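Participant: So I pulled this structure from the PDB, and the sequence comes with it:
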Amino acid sequence: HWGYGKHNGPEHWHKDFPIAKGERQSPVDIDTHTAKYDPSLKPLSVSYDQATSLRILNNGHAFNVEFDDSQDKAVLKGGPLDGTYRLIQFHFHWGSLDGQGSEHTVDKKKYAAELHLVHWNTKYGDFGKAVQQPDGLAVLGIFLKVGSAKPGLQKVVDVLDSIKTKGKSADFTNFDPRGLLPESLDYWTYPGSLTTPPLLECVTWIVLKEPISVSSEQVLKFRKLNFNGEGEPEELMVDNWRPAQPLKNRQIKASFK
Ligand SMILES: NS(=O)(=O)c1ccc(CCCCO)cc1
Ligand SMILES: OC[C@H]1O[C@@H](O)[C@H](O)[C@@H](O)[C@@H]1O
Ligand SMILES: OC[C@H]1O[C@@H](O)[C@H](O)[C@@H](O)[C@@H]1O
Ligand SMILES: OC[C@H]1O[C@H](O)[C@H](O)[C@@H](O)[C@@H]1O
Ligand SMILES: [Zn+2]
């Protein structure tokens, strides 16, 4: 199956997922000079006060922190969005070294990692129906650079030893995702896709301009995870990012003048 290596990575995905060559694929390079301020964007509302985290899982590609999405606890509204989008999970993409790891790029700059907070449009009732709609999902993307430690990330870092291999999970209750945000909510937005198979073109992307800073020690612990399962040859979980894809007939809009 699909992955990130030479023999199953992004250059091979199109053979089983032909939408990989589609008209609204993600990620993209964000040309900051071309992006245009959009006065029609409404204020963005990140409402995570009542979030209920449940579990953290190594799925063989990344790790996901999963949330209770049975009711409108943690939601994203406003900005480019029509209606309410419910948080279901977050995960990261990262590199083998600090000079790469992000999926989106900014004037071709690659960051050390990228956080994706994944939300589904409640008008469609469940995540599975939402991924059959052009406006089914909203992903909030946040860049990570290496500098000072991020206190709100440390609980994640310290549980990774217990989910080293594919298929392992651990309880992860009472985690507050607000500790992963930067100060500013200035953002760029465009219509795109999932960045992993099945590559479905259902996503409104909201990419924050301000990175968060994490320490070298924090990202080094991400790089100790394994793509493989227990009892199998060790393959370090690094470079789990898709490169930028063609922009085609799209425009990136900015929330800020
Ligand atoms: N890297 S991403 O934020 O675009 C992302 C989010 C969510 C999925 C899961 C799709 C499951 C389809 O049934 C896959 C990728
Ligand atoms: O425990 C993590 C978070 O859980 C949420 O349900 C609470 O409302 C927050 O105050 C708390 O920080
Ligand atoms: O026709 C003019 C319009 O062109 C579009 O491509 C831009 O998104 C708008 O901001 C502009 O007003
Ligand atoms: O909040 C996420 C997790 O952080 C720490 O690991 C706590 O020890 C644990 O109880 C909690 O579930
Ligand atoms: Zn992602």
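Facilitator: Structure's in. What do you need? Residues are numbered from 1 along each chain as shown. Ligands and ions are numbered 1, 2, ... in the order given.
Participant: going forward, measure contacts between C-alpha atoms and count neighbours the same way
Facilitator: Will do.
Participant: okay, now residue 23: neighbour count?
Facilitator: 16 (other C-alpha atoms under 10 Å).
Participant: Can you give me every residue that contacts it?
Facilitator: 248, 249 (C-alpha atoms under 8 Å, 6 or more residues apart in numbering).
Participant: For it, what are phi and psi?
Facilitator: When quoted as degrees, to the nearest 10, the phi and psi of residue 23 stand at phi -90, psi -10.
Participant: Ok, residue 162 next?
Facilitator: Torsion angles, degrees, to the nearest 10, at residue 162: phi -90, psi -10.
Participant: Kindly report the same for residue 13.
Facilitator: According to degrees, to the nearest 10, residue 13 has phi -60, psi -30.
Participant: how much space between it and ligand 4?
Facilitator: Going from residue 13 to ligand 4 by C-alpha to the nearest ligand atom, to the nearest Å gives 34 Å.
Participant: That residue: what's it in contact with?
Facilitator: 2, 20, 197.
Participant: Just name the closest of those to ligand 1, please.
Facilitator: Lowest distance from ligand 1 to these (C-alpha to the nearest ligand atom) belongs to residue 197, with 6.8 Å.
Participant: give me every residue that touches residue 78.
Facilitator: 41, 42, 43, 44, 45.
Participant: Now, of these, which are buried?
Facilitator: Among the contacts of residue 78, those buried by neighbour count (16 or more other C-alpha atoms under 10 Å) are 41, 44.
Participant: Helices along the protein, start to end?
Facilitator: For the chain, the helices defined by DSSP state H cover 127-130, 154-159, 216-222.
Participant: winner for burial among those?
Facilitator: Highest mean neighbour count of these: helix 216-222, a mean of 18 (counted as mean count of other C-alpha atoms under 10 Å).
Participant: For that helix, name the packing helices and strands.
Facilitator: Applying 3 or more C-alpha pairs under 8 Å, 6 or more residues apart in numbering; DSSP states H and E, one finds that helix 216-222 contacts helix 154-159.
Participant: hey, C-alpha coordinates of the helix it packs on in CSV?
Facilitator: What follows is helix 154-159, C-alpha atoms only, in CSV (Å, rounded to 0.1, in the frame of the first residue of the first chain):
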residue,chain,number,x,y,z
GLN,A,154,5.0,18.5,25.4
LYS,A,155,2.2,16.1,26.5
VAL,A,156,2.1,14.8,22.9
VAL,A,157,5.9,14.4,22.8
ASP,A,158,5.9,12.4,26.0
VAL,A,159,3.3,9.8,25.0
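Participant: Specify the beta-bridge partners of the residue nearest the centre of the chain.
Facilitator: Centroid-nearest residue in the chain: residue 116, 1.9 Å away (criterion: C-alpha atoms, centre = their mean). Beta-bridge partners for residue 116, by DSSP bridges, are residue 91, residue 141.
Participant: which residues in the stretch 51-200 of the chain form strands?
Facilitator: 53-58, 63-67, 75-78, 85-94, 105-106, 113-121, 137-146, 169-171, 187-192 (DSSP state E, counting those that start in this stretch).
Participant: just to revisit the earlier point, so for residue 29, which of the helices of the chain sits nearest?
Facilitator: helix 216-222 (23.0 Å; C-alpha to C-alpha).
Participant: Give me the contacts around the closest one.
Facilitator: 94, 146, 147, 149, 154, 157, 160, 237, 238.
Participant: That one: how far from the chain's middle?
Facilitator: Taking C-alpha atoms, centre = their mean, to the nearest Å, one finds the center of helix 216-222 at 18 Å from the center of the full chain.
Participant: Could you do stretch 127-135 as well?
Facilitator: Worked out by C-alpha atoms, centre = their mean, stretch 127-135 lies 17 Å from the chain centre.
Participant: likewise stretch 158-173?
Facilitator: Offset of stretch 158-173 from its chain centre (C-alpha atoms, centre = their mean): 19 Å.
Participant: Fine, thanks again, bye for now.
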